[PDB]
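Residue numbers (the deposited numbering), protein chains in the order written: chain L, 11 to 751; chain V, 101 to 151; chain R, 4 to 147; chain H, 589 to 662; chain F, 63 to 226; chain U, 2 to 81; chain G, 103 to 246.
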Ligand code: CLA
Ligand code: CLA
Ligand code: CLA
Ligand SMILES: CCCCCCCCCCCCO[C@H]1O[C@H](CO)[C@@H](O[C@H]2O[C@H](CO)[C@@H](O)[C@H](O)[C@H]2O)[C@H](O)[C@H]1O
Ligand SMILES: CC1=C(C/C=C(\C)CCC[C@H](C)CCC[C@H](C)CCCC(C)C)C(=O)c2ccccc2C1=O
């Protein structure tokens, strides 16, 4: 059996002896400090497992049990939210009136006057109005009681200690060998089939047998203490046949292939559930069934111990063409003896999945009473774009680390990876052009509209009453996908969302989802998005391809991944390393994603969100997006100034914490400019002047004060730039959208 | 007319002469330059609000 | 090769920072090539004439555009409600709403309200008529 | 910038007449933000809009022009 | 009434703002049953609030044009008019604790340099040593001014310089 | 043409020469050290001034020393 | 025994399909630097201009546009593979100049017969003040 369990018994003694000696992992740190750069290099090099040792087996065991540590912390984090969902919440009261009672699950302690953050969220309850949307998960899960939240919180603590056991066991007691990890055929067969396939089979079975009969009784209208408990929905088939009359046929229509007889509770409805605003749950049930059958089929693709199935070395080495030399030869060997090469491809798509998730959830809101909660909708979009955006920059960072550390010029000869480096000047320069092309022809349209509107020439702007730049292609797709149930998807009862066209869903006198009409302001801002992503690509891909060498510095890989510079010579070589390109890319990721979440938070408030009266529905900001997003001054006036009037005068209320962090993150943002502008050799000399006054009063420390390193003072700078930048928009968005929505 | 460098330097400069010295009087189009118009209705009010 | 006449070490520079450092250390007289201390003080002393001749040409410019395009003779009589005028506007990029929105202060064409406040300084040192302001402009233009 | 924020805003509240609107709000930094920068930039940023424009549009344009040179400095 | 001021027990914008806050709490209190803990919490907020106004007027805090407690940070105008508790008492209540933390941290660094490698005992704080200096540093001004008289507080020009 | 001038505090451990990415430095005999050698810079026409030499000198207040002078097409590190 | 080897361009290049990081128009006007080594066996090195080239047995001729691009090639040819290369400097009038083992022995080891230029028989802390070297024709460091 080439695919087999292979571990090593007791590699590391479970002992506190190495906790006594910090910096024990590295040669350069184990000799103790003499300098405050020791304790920063301790935390910097702590999880740099490739730099501790050279053994790939010892690296692999370290990242395998650290992943149990991250999963074990997520299980604490989930079990916190079910516990704070249970003991300090209004989820009992929220289910009876989920239109007026604001979701709240954080309650503060009345000490310094901070009990004013316990707002009047309704439901006989005081607490911080949450926006993470767990109450919409739980109605979609059919929880209906705070007993169920408490039992799955205890189930979360149990699972977290099991995950902490597992990382302890699979590192200290019985840790795997190297060729266990290098069975990537067996890993994908198990993860596509068992994790993704059987997971969505199991969750569909939760949706068939628990969530569908509970949420059918909630939509038909039953108080949640009167609904049958979901174990009674298992043991009694006669209850299920009352709601969906095809459970009386049992599981006979499945094996007799009479699957059309399951049409009551596996549907293809589409659109939205008009009672609750969310997606249809029977639609999501047939979703996760058909997802599961797809992944279990795809989970039997790769060859492990019997000759059937594909082998990824042969799949890669066969796809070779006349333009690319050897083709994909040698990519299997570098995606199996390098974690950073795995981590780059993983963080790319997993970050790109998060932005797929964010865009597919305002438009197709999967949870009951999710869409009318405008606070949850704004946060669940905004969060999952940022979490995507960091992970995409992490793809650029750890691809560069592959090029510096784990790249092998020997085994990479005239494959794709060798030929990308050999025309890396053509790659960056044609990308340099299209960023400059997108720079003028997207942002200069805004400067044109600023100038024409300031010069009293509104007929010469780029707007709808002026030179019209319509998004012809995206308006064409909305005319097709709304007409898709006509003949291209004839079994759909409605469209796949309501952005494509049609009518709105009114739930509780508020718009769940209405159609989105794209205009010239939507044209300009989508090309702003194309601009900022191509520049973010430009910086990160320059760091990947010029990680090893350039015409500037030929021996750059010998200097490593994270170095400051090569000195002031040849004009200056500040920020030439591949660390420094993923330093600069974080600002453009910040610059790209801020305009994404600004274009979300103002298109929805102008053209989607708002109260409906069946009398000419009014939106939140009155319908002023295409009227005003032509100009930078429109983004200044109508978005950053008009909508800031709920974060600046929110004092004396529960939203006053958002007013503090609005000033708090305006501080921390600007605090970063002390680090982003200045440099070390100033601050080291200033320390010498104050070590002098500490020498004079005999309080000279033994761990000697040094200024922060060159790369560290940059890394402190971009960390406080992003923390002060994002938490500004966090508190701006939430203090806006909790009040007006 | 012009074939060398200093002949072309004269012709570009004299063509810049011939446009601009006319543009102030004959070349200010009725639709292009609203400053070269007549004094229209109002505008000469105080700066607003208070003093 | 010729533009930094002061620094021949910049004249041997084949790159484009030759232009940038020809500008920025052109007034760093202590580091020019062949500079002596008698040659140092003479270029500083003539440059102070260059600063003075700019200031008086600048101030004679303020006296001219107020005397010609300003409303100083109208502002003398009512110095509270009439707003001051710096210099009239000729921007051919304007539109017609941007002509009539900048006509203010009782003037004919578009104007700029002078916030520098040289009317209040001139009104209290005896200036009353525009003919007293042209004479001051021609005087400083001679002195410049 | 700190001496001129304090000069201007104590003089705005003096010249408007609401001399107590400073002393209530100058004691804490939100009143610097929502009563001096937010409140007094109402007619500035309205120098040009899609409704029209007025005499403040040359100072409205420069106010965005100043933010542009500033950020180009970073 | 020291510098254009007034006692907060005597001003009326102070009492107007007290009645402003209790108005906001009571119109927030009205949404709940009289047994409910979201109303028990708000009535406990009021009795912390109303005692707070009673205690600020009890201490004789100075209000002004805005009806807020204004502080007088000058001895001779606080000692004379009975306001040393505003600034002049906590300016020594602080500077006891401040130089306490300084002296304990001083004595820990002085008594660690005579060792094998003192940099190790700035990571790993000798807790039986550090707590011992923590308790016995409680008379630190009595110990510092005796060290101030010797010349052992100030190290001489053994200190490190660049180019004098 | 950058100005590289070294000093008598050299000990001749020749780490500056091995660190120089442009062969500016070489090792000349000199009796003022145990290793009987002191560096020399006969090729400062080729120097960029990237200061990899004086990142590598062990001696306090570095023995090798680079003064950034006037930049030719070799000092700016140009393939063009 | 050693003196000044010459060049023939007949010697074969490494097998490399060409990169865009190679020479530029500076090679046709100013200078370009060629590098030679004698390889024992056929193996795969990294080009300093990005990519990977394979060396062949015998002499190997390669050309670059910088001096660091050649010495960052010998650095991985001497430390990794224990070869002994040497690179030259070719001018577009055909003139060639010998550069790296300029007296045969590599510059980390003493040749006892190379001349100690650019040295100060004094300590770096014993420089003069810039007031003494002021007005030295051009701007001048006190370390001269
Ligand atoms: C799957 C996720 C993942 C994983 C496993 C890694 C793993 C690694 N990364 Mg990596 N990275 C990721 C995502 C990931 N990264 C992303 C998303 C980015 C883009 C932001 C980067 C950018 C990046 C860079 C630029 C570098 C690494 C480095 C490293 C290595 C060592 C990290 C270390 O020891 O730091 C230990 C952990 C810390 C020092 C903590 C950092 C403190 C953060 C910045 C503060 C923020 C915390 C919180 C959000 C703020 C609120 C806290 C509150 C108290 C205020 C290790 C291989 C380094 C490396 O390989 O060096 C050669 C390196 O230089 N990564
Ligand atoms: C069908 C079997 C199966 C399943 C379900 C998984 C599941 C998982 N593997 Mg995995 N793996 C498998 C087979 C399987 N593996 C095989 C055969 C190999 C060898 C080729 C590996 C090698 C491997 C590596 C190297 C890594 C994983 C990781 C992961 C986790 C992904 C993290 C995530 O997305 O959260 C999903 C989380 C959940 C679904 C929560 C449920 C967790 C369950 C209870 C544990 C997984 C089931 C377990 C494999 C069955 C054995 C039970 C145990 C008692 C013996 C996830 C728990 C990564 C990880 O997180 O490390 C810990 C990781 O680094 N796997
Ligand atoms: C608002 C501030 C600002 C501006 C304008 C720029 C501008 C630019 N950056 Mg940039 N940058 C900034 C802040 C800014 N940056 C910050 C804060 C950082 C820190 C991390 C960076 C980091 C950064 C990197 C890392 C990169 C850029 C890049 C670019 C260029 C791409 C855009 C382009 O070509 O469009 C064209 C220019 C504009 C749209 C500016 C407005 C000009 C208008 C439209 C017309 C021009 C006026 C006209 C000619 C009239 C002239 C009058 C006459 C008298 C002269 C461009 C030069 C990328 C680059 O150079 O490659 C493409 C790149 O790689 N920048
Ligand atoms: C993990 C293994 C995968 C398979 C999943 C098994 C999960 C365990 C579920 C056990 C719960 C009991 O499930 C099962 O109980 C009863 C006994 O047939 C069935 O109940 C049915 O059968 C009884 C006798 O036949 C009658 O009262 C009715 O026909 C009807 O109530 C339920 O339709 C079914 O839900
Ligand atoms: C301010 C600044 C510094 C100075 C920052 C100093 C060195 C560090 C800031 C304080 C550190 C975090 C020490 C404070 C906490 C210590 C652990 C001591 C704790 C003692 C009590 C507070 C518990 C730099 O070193 C620097 C370097 C490069 C570019 C820019 C800069 C820069 O802008």
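Note that beta-carbon positions come from the ideal geometry of N, C-alpha and C, so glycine has one too.
Span of the beta strand (DSSP E) holding residue 165 of chain G? 160–166
Are residue 42 of chain U and residue 5 of chain U closer than 7 Å when you measure CB to CB? yes
Under 7 Å, Cβ to Cβ, is there at least one residue of chain G near residue 18 of chain R? no
Closest residue to residue 91 of chain F among L:32, L:132, L:729 and L:289 (Cα-Cα distance): L:132
Can you find a CB in chain L that lies within less than 7 Å of the CB of residue 1 of chain U? Residue numbering for chain U in the displayed model covers 2 to 81; residue 1 of chain U lies beyond these limits and cannot be assessed.
For the beta strand (DSSP E) holding residue 198 of chain G, just list the boundary residues, first then last. 198–200
With a threshold of 6 Å, establish whether the CB of residue 211 of chain L neighbours any heavy atom of ligand 4. No, since every heavy atom of ligand 4 falls outside the 6 Å radius drawn around the Cβ of residue 211 of chain L.
Report the residue ranges of all alpha helix (DSSP H) runs contained in full by the stretch 194–259 of chain L; include only those spanning at least 4 residues, in chain order. For the stretch 194–259 of chain L, whole alpha helix (DSSP H) runs of length 4 or above, ordered along the chain, are 194–200, 208–216, 222–230, 242–245 and 247–253.
With respect to the beta strand (DSSP E) encompassing residue 457 of chain L, which residues constitute its N-terminal and C-terminal limits? First-last for residue 457 of chain L: 454–464, but that is the alpha helix (DSSP H), not the beta strand (DSSP E).
Partner residues on chain U for residue 127 of chain G, Cβ-Cβ distance less than 9 Å: Identification of chain U residues near residue 127 of chain G by a Cβ-Cβ cut-off of 9 Å yields 81, ordered along the chain.
Can you tell me which residues form a DSSP beta bridge with residue 30 of chain U? U:38
Any chain G beta carbon closer than 7 Å to residue 28 of chain U: yes
Consult DSSP for residue 756 of chain L and reduce its assignment to one of helix, strand or coil. One cannot answer for residue 756 of chain L here, as it falls past the ends of chain L, which runs 11 to 751.
Does residue 583 of chain L come within less than 7 Å of chain G when only Cβ atoms are used? Answer no: the Cβ-Cβ gap between residue 583 of chain L and chain G never drops below 7 Å.
Take the Cβ of residue 694 of chain L as the centre, count every other Cβ of all protein chains shown within 10 Å, and call the residue buried at 16 or more, exposed below. exposed
Please list, in chain order, all residues of the same chain as residue 613 of chain H whose beta carbon is under 7 Å from its beta carbon, the five residues on each side excluded. 619 and 623
What number of angstroms, rounded off, separates the C-alpha of residue 157 of chain L from the C-alpha of residue 96 of chain L? 7 Å
Between the stretch 74–86 of chain R and the stretch 589–603 of chain H, do at least 3 Cβ pairs fall closer than 8 Å? Three or more beta-carbon pairs separated by less than 8 Å are not found between the stretch 74–86 of chain R and the stretch 589–603 of chain H, which leaves the two stretches without contact.
Closer than 7 Å: residues whose CB approaches a heavy atom of ligand 3: My final list is L:442, L:445, L:446, L:449, L:450, L:453, L:454, L:457, L:545, L:548, L:549, L:594, L:597, L:598, H:656, H:659, H:660 and H:662.
Restricting to runs no shorter than 4 residues, where is the alpha helix (DSSP H) found entirely within the stretch 650–696 of chain L? 666–687
Just to confirm before moving on: does the CB-CB distance between residue 100 of chain F and residue 136 of chain L stay below 7 Å? yes
List in chain order: all unbroken beta strand (DSSP E) runs of 3+ residues lying wholly within the stretch 550–585 of chain L. none
Ordered along the chain, which non-local residues of its own chain (more than five positions away) have a Cβ less than 6 Å from that of residue 485 of chain L? 528
Near residue 492 of chain L, what residues of its chain come up, given a Cβ to Cβ distance below 7 Å and the 5 sequence neighbours on each side ignored? 505, 510, 511 and 512
Check whether the Cβ of residue 575 of chain L lies closer than 6 Å to any heavy atom of ligand 1, and answer yes or no. no
Where residue 558 of chain L meets chain U, residues with beta-carbon distance less than 7 Å: By Cβ distance, chain U contributes nothing, its closest Cβ being about 15 Å from residue 558 of chain L, past 7 Å.
For residue 238 of chain G, which beta-bridge partners are listed by DSSP? G:240
Rounded to whole angstroms, how far is the Cβ of residue 283 of chain G from the Cβ of residue 121 of chain G, which I believe are closer than 8 Å? Nothing about residue 283 of chain G can be reported from this structure: the residues present for chain G run from 103 to 246 only.
Would DSSP call residue 78 of chain F helix, strand or coil? Residue state, collapsed to three classes: helix.
Expressed to the nearest angstrom, what Euclidean distance is found between the alpha-carbon atoms of residue 680 of chain L and residue 460 of chain L? 27 Å
In whole angstroms, give me the CA-to-CA distance for residue 4 of chain R and residue 30 of chain R. Straight across, the Cα-Cα distance linking residue 4 of chain R with residue 30 of chain R is about 19 Å.
Keeping to the same chain, check which residues put their C-beta closer than 6 Å to that of residue 91 of chain R; ignore five residues upstream and five downstream. 72, 112 and 114
Could you please tell me which residues of the stretch 67–88 of chain R, in chain order, have their CB closer than 8 Å to any CB of chain V? So the close ones are 83, 84 and 86.
Could you work out which residues of chain R lie near residue 125 of chain V, taking near to mean beta carbons separated by less than 7 Å? What residue 125 of chain V touches in chain R: nothing, since even the nearest Cβ is about 13 Å away.
Where does residue 320 of chain L sit, in a helix, a strand or coil, going by DSSP? DSSP, reduced to helix, strand and coil, places residue 320 of chain L within a strand of the structure shown.
Quick check on the DSSP output: the beta strand (DSSP E) that includes residue 114 of chain L runs from which residue to which? 114–116
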